[PDB]
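The lines below spell out each chain.
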Amino acid sequence: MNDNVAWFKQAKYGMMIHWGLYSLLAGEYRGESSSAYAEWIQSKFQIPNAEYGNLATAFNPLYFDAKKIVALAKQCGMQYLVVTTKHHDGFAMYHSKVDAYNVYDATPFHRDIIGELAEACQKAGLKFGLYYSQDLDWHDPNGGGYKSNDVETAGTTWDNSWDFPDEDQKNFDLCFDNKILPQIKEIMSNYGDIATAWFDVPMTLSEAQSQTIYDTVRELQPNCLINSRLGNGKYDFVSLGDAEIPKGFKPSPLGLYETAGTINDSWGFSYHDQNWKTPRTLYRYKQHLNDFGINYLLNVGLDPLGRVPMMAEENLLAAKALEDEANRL
Amino acid sequence: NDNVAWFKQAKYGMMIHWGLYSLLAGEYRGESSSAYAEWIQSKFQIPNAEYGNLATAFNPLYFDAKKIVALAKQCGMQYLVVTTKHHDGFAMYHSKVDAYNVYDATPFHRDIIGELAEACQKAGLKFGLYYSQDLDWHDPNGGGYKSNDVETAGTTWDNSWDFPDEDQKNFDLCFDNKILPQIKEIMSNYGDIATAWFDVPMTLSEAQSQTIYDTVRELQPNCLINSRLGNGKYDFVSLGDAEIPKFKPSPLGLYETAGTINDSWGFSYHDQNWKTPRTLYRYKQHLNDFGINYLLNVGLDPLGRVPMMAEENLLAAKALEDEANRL
Amino acid sequence: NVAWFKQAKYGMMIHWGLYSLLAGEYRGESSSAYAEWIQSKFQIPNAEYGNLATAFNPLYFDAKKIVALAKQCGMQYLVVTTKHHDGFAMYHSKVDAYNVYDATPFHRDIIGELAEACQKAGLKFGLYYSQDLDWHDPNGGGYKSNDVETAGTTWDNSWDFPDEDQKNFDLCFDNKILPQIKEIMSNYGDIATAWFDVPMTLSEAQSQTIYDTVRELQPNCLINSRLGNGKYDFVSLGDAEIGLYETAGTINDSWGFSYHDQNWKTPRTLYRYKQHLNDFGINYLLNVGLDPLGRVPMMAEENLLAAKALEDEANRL
Amino acid sequence: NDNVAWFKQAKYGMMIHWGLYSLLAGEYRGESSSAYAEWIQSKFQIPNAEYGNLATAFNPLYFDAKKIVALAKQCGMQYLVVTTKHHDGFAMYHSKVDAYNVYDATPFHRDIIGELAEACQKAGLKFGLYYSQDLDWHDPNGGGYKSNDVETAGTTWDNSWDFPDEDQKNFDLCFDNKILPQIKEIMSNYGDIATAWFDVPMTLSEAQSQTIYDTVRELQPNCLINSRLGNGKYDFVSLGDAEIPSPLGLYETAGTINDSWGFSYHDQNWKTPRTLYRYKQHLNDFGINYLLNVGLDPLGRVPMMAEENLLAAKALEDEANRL
Ligand SMILES: C[C@@H]1O[C@H](O)[C@@H](O)[C@H](O)[C@@H]1O
Ligand SMILES: C[C@@H]1O[C@H](O)[C@@H](O)[C@H](O)[C@@H]1O
Ligand SMILES: C[C@@H]1O[C@H](O)[C@@H](O)[C@H](O)[C@@H]1O
Ligand SMILES: C[C@@H]1O[C@H](O)[C@@H](O)[C@H](O)[C@@H]1O
C-alpha cells in the first residue's frame, strides 16, 4: 500500500527551501528592488542569461550545512523538507547530466546540494520532496509562459522574452522533450525515495505533457504524492492558495491538502525584506491549517553563504515553543 | 523583613512608563524624540502651558490594571514598578499637593497608581513605585540646573526654557514643597510598597537623600530602596547595562537591572526595535544566573494598552524559558 | 475644473476617523493592512467603537499646516473622508449626532477647517463619502456581498445587526446617506471632486439620485467612477489598471493610521510612481492617515518633502 | 601644501568599509554581530583558518570603482577614504609583504584600492587611505593585548583565541615585519594620497607613531594625517560625535548611514535623507568635514537604501541652497 497517503494526512508541518543564483542578488539589482518575490529578479530586470548565469562563478556558500538545516526542521516538528531542484531561471541545484547549467558543474562550490539534503533527511528520518519548474525556464529558448503575458507577474513576462524575443517561433514541446522531462527523470532516479513532487505555474504544458510527467514520477517513484499545480488535473494532493483556506476549488479525492507560505514576503532570500511573520502568527496559522487537515509547508530562503537567516531561525524555534506550551496546557 | 529573601528569588518584574509623553508617542511637529520618548518635553523644550494641555487629551479607554497584572503574572513576573511621576513632573496618582496629576487634570479622572496597587494586591504581585525626586520640568526649582555640562536624551536635565534663570534656581524649594510631600503621599496611600525606584540624584544634597530614605523607612518599613536615591541610602543596587557581568556595595546581595523591550521607556510609534523573545529570555537567564532581578519595562500606548509586539515578545520569551527549564 | 483636473497631476487624500485612535491594533491583535477596517475586522460593537468618540481630542490638528504641506509638495487639491464605512461623520451633520462635532470633546468641524484652509491657499477641495457601507446604520449596505472576503470580516455590520433578511438599504439611503450627501455638498463651499466608494447594494436609481444631487448642489464637481455604473466625470484607476484619470495610493500599506505599519514607500518610489502616472495623463491622489493627535506621521511628511526635492531636481536637469 | 586650503572647503567625503567581514554581513552561526559588523571575527573569536577561508568566496561581480566614484561625485563629495586593511589584517590591495590580501587570496584577483585610486584620479576626486596600524587579528603580535580592561564591539582588542599567550606577545615584531612595510606599500603604489586615516593607537610607542608620521611625510609630502595616529602626529583632528588642538584649523567627523561600518543584512536603520543633510549642514557650518561611510555588500555594491538616501540628501541640500 502507499502509506505516504496516511503519513501525509498526519504530517502537519514541512520545511520548503528556495535557493539559487537569485539568492546572491538578494532582492536587489543595480540599485533597484525586486518585487516581493526576490527569486523572480531575472524576469523583473530582464537580466540577460550571459550576465545572470555568471552569478554561478560567485556561488560559494561556505556555511551550507544540510545536517544543521534538517536538524532545525526536525526540532520544529517538521516531518518533511521540499527543496527547489530548478526554479524559473532554469538553473539546476543538483548535478544534471543533461544540462551543465547547474550548481555542480558551473560553481566553485562544485557540490550536489539536493544530494546533501536527501542524505541529511534520510539520516534524520524526514521525508524528502522536490520542487521543479516544469513550465517556466528562462535559460531555455522554448521555456514556457510565452502564451500568458496578458497577466502581470512578480517580474515582467512569464518567459525569457529578452534573450528570446520571437514569441511566434517559440515551441515549448522542444524544451519539454530536451530539458524538462530528462531533468524530471534525473531528480526522480538519483536522490532516493521522494515523498512529494512540487510542480509550479502550469501555463503552457498540454494535458498530454502533464500526463507524461505524472506517469514518469509514478514509474520512478511509485509512492511520491504529486501537487495539484502539475496542470490539467494530474495530482495526489491539492496545493491550496491563501484565498482557499477555510474561515474554482480543486477536488481532493484522497482528502490530502497543503498550503505553502514563507516567513517574510519573499520565497528567495532578500536583504531588504525584514517583514518576518511573528512566532504567534506562524504558530496560529499552523494550528488553523492543521485543525482543517491541511499541511503547512513553511519556506526558508537560504542566504548567499547557504544559511537560514537569523530571524527565520528565531521565529521558527519561538513558534515551536508557543506550540509545545499550547499543547501541554 | 522577608522582602529581602523574596527579592533574592523574585528574578522578574514588570516596569510601566506611562504619562503625557505617551500621547506624543516619540514625535513632535514632524521630528523624532531621542531613543527615550519619555524625554520629549526636554528634547523639544515644549513649554509647560502646551505640554500640560496633553492632560486634556489623556483618555485611555482600554486601560485595564487587572489585564496588565495578569500579563505580568503569566510571564512569571513577581512584581510591578510604575512611574508615579516622571521627569515632566506630571503625577499619575491623585496628588493632594499638586493638581498637575492624572486624576485632577484629565477627562479619564482616575487614580492609575491606585488601580495598579489594587490589581497587584488581588493577584498576589508585589508593588513598586518609580518617582523622579530630582528632575521636575513642571517645577520652577526642579533639579538638573547644575548638571548641563553632560548631554541628555533631551536638551537640559532641568526645564531651562520656561525657567531660564539658572542662577537663583534653588532646588530646596522644589524639595520642600513638592518632592517630599509627594513621596509621603505615594508611600501612605496605595498600601504596602515592596520596592522604591528613585532616579540618579544630580541636585539632591546628602541630607535631602537621607530625609527621603528616613521617610520611606517610617511609612514603609519593609520597602527595599534602589541605589539611585543617593550615596549610601539603599537596600538593593540598580545595575546599569554597562555594569552587568560577562560598582556600589550590596551588603544584602540584592541586585536588579532595568531594561525595555524596544529602545524607549515611554511609548514611541516609530520605535519598532523590539528585542526578540530569544534576546529577552537569554538576557533574563544571564541576569538570574548572577543573582540579578530583570525589571522589564512596558511603555503603555495612548489608549492605556501594552503594545501588541511588547505583549507577543513577553509571552514568546516565557514559552522559550518554560521549554528550556523542562528539557 | 475639467481642464484644471487634466493638469492637476497631484492631490493629497486624508483618511481620519475613530479608527485612527485604535491605530491598527485591537486587544493585542493586528488589523489587516487596512487599519480603517478595524471595526469589521474584530466585529467591535457600535456601543464600544462609538465610545472612541469620547477620546477623540486631536490637540495638534492644524488644517492650515496640512494644506501648507500639500502646497509645498506641488499638490493642487485635497480629498478628505467626510464619512468612512464605520458611518462616523467628520463634519457637523444635522441629520446624525454620530459625528466629530457633536460626539467628541474636540467639538470642531474638521471638513469645515480643511475647506477654509484649502480656499485661503488656492487648493481645490474634494470629499470622500461611503454611500453604501455604514456599520453604524441598521440598514447599512454590504449584506448581499458576503460571498467575497474583505479587509475586515463582513461588508456590513453583521454583529450589532445579524438579521440579514430584515435588512433594507433603502431605509439607510433615504434617512442618512442622501441627507448627509446634501449636507457636505451644501455647507463647505465649492467641491472640486466627489469620491464615492464600492457600490455593492445601491440600485441604479439610488446612484442616479446621488449623481443628480451633486450636479444640482455642485455644478462643477467632478464625480469619481466608483459611484455606480455610468454616473461619473473621471475614472478612478486601480494600481492593476494603469479623458480624466486618477489613481489613489497610500505611503505605507494602510489608508487609516496604523502604528505597526512602518512600510513607508521611499521618496524615489513616490516620485517615480507620480512621474509614471502623470506621463499617462493620470492624477496621483496620495493618501495621508492622520494620527490620533491629528498629525501627519513624521515619516509620511519626510518622504513627501524628499519626493518633492527629487522631482524638482529631475525637472531642473 | 594646498591640500590644507582644499581640505578646509571640501565639506563632504565618502568612506568605504569593505572586507571579508562584508561576506558574513553581520551574522555568524545564527547570531548577530554587535552594531559593528566589521568586528565579527573578534565578536565570535572566529579562528584565522576559518575566517581567512572567506577569501575563497570573495568574488564581487558587481564591484565598479567608476560607479562608486560617480555616486560620490553626484553627491558633492570631494574625496573618498577606503579601508586598505581593517582590524582583521586582510589587505584590500596587492601587498607584496603579505599574501593575505584581496589580490592573492580571492578568485576576484584584483587590486580594489588601485581601481578606486584610478577611478578617483579620472573623476577629479581626492583619495584617502584607512589602515589599522595597531590591531591586526591575522598577526601573532597584533596590538590590543594591553587594553582588554576596556570593552569592545567584539570580545578582545587583539586575536586572543589563535594567539592566547599574552605575555609572549611583542607588537614590535608586527610593527617591523607587517605594519610599516604595508604603510610604505599603500603610500608608494597608488599615486597622490590626500588623507591618511589611522585608528586610535593602543599599543604603538611614541617612536612607532613618529616613524609612521615621518614615513607618510617622506612618501606623500602633501598627505593630511588624522589625529588618531598617536599624540601630536597629525594635520587634522578626527572629532567623535560627542566632541562636535588643530593648529591648521582642519576638522573631520566620520559617520555611517545605518549603525554599522561594515555591511550588515540585519541593520536596516538607515539615517533618513533629512537626517544626513541636516547633520552635514551642522558639521559644515562649524568648519567640519563630513566623512560618510558606505559598507559595500558581498557583490561589491552600495546598498540600495544607502544610495537612495545619499541621492535624496543631495536633492534636499541643493533645494535648501537655492531657496
Ligand atoms: C512556491 C511559489 O510557487 C510560485 O508559483 C512561484 O512562482 C514562486 O516562485 C514560489 O516558488
Ligand atoms: C528607567 C529609566 O531611567 C533613566 O535614568 C531615566 O532618565 C529614564 O527616563 C527612565 O526612567
Ligand atoms: C481608498 C480606499 O477605498 C476602499 O474602497 C476602502 O474600502 C478603503 O478603506 C479606502 O478608503
Ligand atoms: C571608522 C570606524 O572607527 C574605527 O576605525 C573602527 O574601530 C571601526 O570598525 C571603523 O573602522
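The deposited coordinates derive from X-ray crystallography, with the record listing a resolution of 2.0000 Å.

Chemist: Explain the overall build of chain A to me, please; I cannot follow it from the model alone.
Modeler: When helices and strands are tallied, chain A shows 11 helices and 10 strands. Here the C-alpha coordinates of chain A stretch approximately 60 × 45 × 35 Å along the principal axes.

Chemist: Please explain the sheet that holds strand β10 (residues 282-289) of chain C as it appears in this structure.
Modeler: Sheets are built from strands paired through backbone hydrogen bonds, the pairs being either parallel or antiparallel. Residue and element names in this part refer to chain C. Strand order in this open sheet of 8 strands is β7-β6-β5-β4-β1-β10-β9-β8, and the pairing throughout is parallel. Edge positions in the open sheet fall to β7 (222-223) and β8 (235-236), since each of these has one partner strand only. Looking at chain direction, β8 and strand β9 (residues 245-250) are connected through 2 bridges and run parallel. Directly across from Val235, in β9, lies its bridge partner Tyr245. Strands in contact with helix α8 (residues 169-186) are β4 (77-83), β5 (124-129) and β6 (193-196); relative to β5, the strand with the most contacts, it is inclined by about 170°.

Chemist: How should I be thinking about the packing of aromatic side chains in this particular structure?
Modeler: Aromatic ring pairs: the centre-centre distance and the angle between the two ring planes describe each pair. Residues and elements named next belong to chain C. What the rule picks out here adds up to 78 aromatic pairs over all chains. Relative to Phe42, the ring of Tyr26 has its centre 5.3 Å away and its plane inclined at 35°; by these criteria the two rings are tilted. In this pair, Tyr26 is assigned in strand β2 (residues 25-26) and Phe42 in the loop between α3 (38-41) and α4 (46-51), connecting sequence segments 16 residues apart. Residue classification places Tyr26 among the buried positions, given a relative accessible area of 7%.

Chemist: Is there a simple way to explain the interface of chain B and chain D in this structure?
Modeler: Quite often, the size of an interface is put as the accessible area lost when its parts meet. Taken together, the contact pairs 4 residues of chain B with 4 residues of chain D. Together chain B and chain D conceal approximately 280 Å² of surface at their shared face, both sides included; 17% is due to carbon and sulfur atoms. Counting across the interface, chain B meets chain D through 4 residue pairs in polar contact. Residues that form the side of chain B that touches chain D fall into these classes: no nonpolar, 1 polar and 3 charged.

Chemist: Quick question: what am I supposed to make of the site of ligand 1 here?
Modeler: Residue and element names in this part refer to chain A. Lining the immediate environment of ligand 1, one finds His18, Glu39, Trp40, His87, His88, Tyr131, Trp198, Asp200, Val201, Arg229 and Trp267. For ligand 1, an oxygen atom lies 2.6 Å from a polar atom in the side chain of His18. A distance of 2.8 Å separates an oxygen atom of ligand 1 from a polar atom in the side chain of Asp200. Within the complex, the protein chains bury 90% of what would otherwise be the 300 Å² of accessible surface of ligand 1.

Chemist: What am I meant to see in the pairing of strand β6 (residues 195-198) of chain D here?
Modeler: Walk down a regular strand and you will see the side chains alternate between the two sheet faces. Residue and element names in this part refer to chain D. The alternating pattern of β6 places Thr195 and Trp197 on one face and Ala196 and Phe198 on the opposite face, and all of these are buried. Pairing of strand β5 (residues 126-131) with β6, which is carried by 4 bridges, proceeds in the parallel orientation. Within the sheet, the bridge partner assigned to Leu129 lies in β6 and is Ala196. For the handedness criterion, the β-α-β arrangement of β5, helix α8 (residues 171-188) and β6 is classed as right-handed. In the sheet, β6 pairs with strand β7 (residues 224-225) via 2 bridges, with the strands oriented parallel. For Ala196, the partnering residue across the bridge sits in β7 and is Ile225.

Chemist: In this structure, what is going on with the environment of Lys64(C)? I would like to understand it.
Modeler: In this fold, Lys64(C) is placed in helix α5 (residues 63-72). Linking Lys64(C) and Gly50(C), residues 14 residues apart in sequence, is a C-alpha distance of 28 Å.

Chemist: Would you explain the site of ligand 2 in this entry?
Modeler: Residues and elements named next belong to chain B. In the neighbourhood of ligand 2, the contacting residues comprise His17, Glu38, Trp39, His86, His87, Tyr130, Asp199, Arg228 and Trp265. A distance of 2.8 Å separates an oxygen atom of ligand 2 from a polar side-chain atom of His86. For ligand 2, whose unbound accessible area comes to 300 Å², protein coverage reaches 86%. The residue inventory of the shell around ligand 2, partitioned by class, reads 3 nonpolar, 3 polar and 3 charged.

Chemist: Any chance you could explain the interface of chain D and chain A here in plain terms?
Modeler: Each partner contributes to the interface: chain D provides 28 residues, whereas chain A provides 29 residues. Between chain D and chain A, a total of about 2400 Å² is buried, with carbon and sulfur atoms accounting for 58% of that surface. Taken together, the links from chain D to chain A amount to 1 salt bridge. For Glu27(D), the salt bridge identified is with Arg307(A), shortest N-O distance 3.7 Å. Seen at the junction of chain D and chain A, the total is 10 residue pairs in polar contact. Of all the elements in the fold, those that place two or more residues in the side of chain D that touches chain A are α2 (21-24), β2 (27-28), β3 (31-32), α4 (48-53) and α11 (304-322) of chain D.

Chemist: Hey, could you run me through the environment of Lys85(D) in this one?
Modeler: Residue and element names in this part refer to chain D. Note that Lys85 resides in strand β4 (residues 79-85). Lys85 sits 23 residues away from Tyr62 along the chain, and the two C-alpha atoms are 21 Å apart. Not counting residues within four places of it along the chain, the set of residues in contact with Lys85 comprises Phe90, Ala91, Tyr130, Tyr131, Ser132, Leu135, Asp136, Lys178, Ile179 and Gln182. A polar contact is formed between the side chain of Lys85 and the side chain of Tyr131, at a distance of 3.0 Å. Reaching out from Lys85, the side chain makes a polar contact with the backbone oxygen of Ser132 at a distance of 2.8 Å.

Chemist: Help me understand helix α11 (residues 308-326) of chain B in this model?
Modeler: Structurally, the α-helix is built with 3.6 residues per turn, so residues lying three or four positions apart point the same way. Between its first and last C-alpha atoms α11(B) spans 27 Å; for 19 residues at 1.5 Å apiece the expected length is 27 Å, and the two agree. Those residues of α11(B) that fall on the buried side of the exposure criterion are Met308(B), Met309(B), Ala310(B), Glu312(B), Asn313(B), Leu314(B), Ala316(B), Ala317(B), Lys318(B), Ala319(B), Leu320(B) and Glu321(B).

Chemist: Explain the pattern of salt bridges to me, please; I cannot follow it from the model alone.
Modeler: One pass over the full model with this rule turns up 60 salt bridges over all chains. In this structure, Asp134(C) engages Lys83(C) in a salt bridge whose closest nitrogen and oxygen atoms are separated by 2.7 Å. Linking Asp134(C) in the loop between β5 and α8 with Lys83(C) in strand β4, this pair joins segments that are 51 residues apart in sequence. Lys83(C) shares its class with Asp134(C); the two are buried. One salt bridge connects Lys280(D) with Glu317(D), and the closest N-O pair in it is separated by 2.6 Å. Taken together, the residues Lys280(D) in helix α10 (residues 273-285) and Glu317(D) in helix α11 connect sequence positions 37 residues apart. For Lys280(D), a relative accessible area of 5% puts it in the buried group.

Chemist: It is not clear to me how the side chain of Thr215(B) should be interpreted in this structure. Could you clarify?
Modeler: Inspection of the secondary structure assignment puts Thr215(B) in helix α9 (residues 206-219). Excluding anything up to four places from it in sequence, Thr215(B) contacts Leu180(B) and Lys184(B).

Chemist: Please clarify how the pairing of β9(C) should be interpreted in this entry.
Modeler: Residue and element names in this part refer to chain C. Burial analysis of β9 places 5 of its 6 residues in the buried class, which makes it a mostly covered element. Sheet topology places β9 next to β10; 6 bridges connect them, and they run parallel. In the strand pairing of β10, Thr250 is matched with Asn287. Viewed along the sheet, the connection from β9 through helix α10 (residues 267-279) into β10 turns out right-handed.

Reading the values: rules and limits
- Residues numbered from 1 in each chain as written, not as in the entry; some residues may be left out.
- Chains lettered and ligands numbered in written order.
- Heavy atoms only, no water.
- Residues with missing side-chain atoms left out of burial classes, pairs and counts.
- Helix = DSSP H or I, 4+ residues; strand = E, 2+ residues; numbered from the N terminus.
- Pairing = 2+ DSSP bridges.
- Contact = heavy atoms within 4.5 Å.
- Axes fitted to C-alpha atoms, helices over the stretch in contact; angles between N-to-C directions.
- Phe/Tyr/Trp six-rings, centres within 6.5 Å; stacked < 30°, edge-to-face > 60°.
- Buried < 20%, exposed > 50% of the residue type's maximum accessible area, 1.4 Å probe, protein only.
- Buried area = accessible area lost by both parts, 1.4 Å probe.
- Polar contact = N/O pair within 3.5 Å; in protein donor to acceptor, adjacent residues only side chain to side chain.
- Nonpolar A, V, L, I, M, F, W, Y, C, P; charged D, E, K, R; others polar.
- Near = heavy atom within 4 Å.
- Areas by Shrake-Rupley, 256 points an atom, 1.4 Å probe, with all protein chains shown as cover.
- Right-handed = clockwise from strand over helix to strand, strands pointing away.
- Salt bridge = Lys/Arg side-chain N within 4 Å of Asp/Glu carboxyl O.
- Expected span 1.5 Å × (residues − 1).

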